[PDB]
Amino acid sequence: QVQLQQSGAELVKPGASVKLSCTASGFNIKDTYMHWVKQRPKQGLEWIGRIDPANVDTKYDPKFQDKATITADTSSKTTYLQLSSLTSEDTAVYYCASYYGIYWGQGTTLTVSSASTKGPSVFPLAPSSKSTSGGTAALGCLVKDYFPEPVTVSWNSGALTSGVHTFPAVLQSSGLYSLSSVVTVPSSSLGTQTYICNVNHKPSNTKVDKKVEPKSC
């Protein structure tokens, strides 16, 4: 069907520039009228500006007048969002919308940081500090110091899905990410069932499997 296709994720250093794209799959010049919206992590929607190619007109919010530049290629039914002199404040998801907001794109994530791609360190969150059983036990894996996100975590190669809670990552003061994945299991299974978290970080091509054993400490 008729939709809006956006370009993939971008990772740049502060000071640089990026050019994102949004193509209208199966449309025309009258439909090359597009809006561009910004959304910072866990925040609201912000209107950046819009392009009306038929009247070679472009409008921006005063706050983005120096930051953004929207252009349009009527032949390919694609509009481009150019963002310059990037800072951490520009790390967000950018969306595109058609005339009257009828169709919306899937969004493009932009991450601005001086950090380099690094794989994670996986540490076990062992069940019990010395206490022998108790009813329902909890165990997990601490996925620390990786960049950029995301990272995928599964348990027992996908066999264990019940009771699993994988938390949203946090940005540490070092500029690196961290998160933990936990699972509640029966205390009676700790000495007989094997628990292993499978961590996969595609950006760095790091695949780590960590067995979580009840070391009782």
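One-based numbering along the sequence shown.
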- Message: Quick check on the record: does 52-60 or 37-45 carry the larger mean Cα temperature factor?
- Response: 52-60
- If you average the CA temperature factors over each stretch, which comes out higher, 7-15 or 203-211? 203-211
- Per the deposited B-factor column, the C-alpha that peaks among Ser180, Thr184, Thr161, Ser173 belongs to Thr161
- Tell me which of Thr117, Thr111, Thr71, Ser121 tops the list for C-alpha B factor in the record. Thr71
- Message: Quick check for you: using the entry's CA B-factors within this chain, is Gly105 in the lowest, middle or highest third?
- Response: lowest
- So where's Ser129 on the chain's Cα temperature factor ranking, which third? highest
- Message: Which third, lowest, middle or highest, does the C-alpha temperature factor of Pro148 belong to within its own chain?
- Response: lowest
- Message: Is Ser98 in the lowest, middle or highest third of its chain when residues are ranked by C-alpha B-factor?
- Response: middle
- Task: Place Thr78 in the lowest, middle or highest third of its chain's C-alpha B-factors, as listed in the PDB entry.
- Result: highest
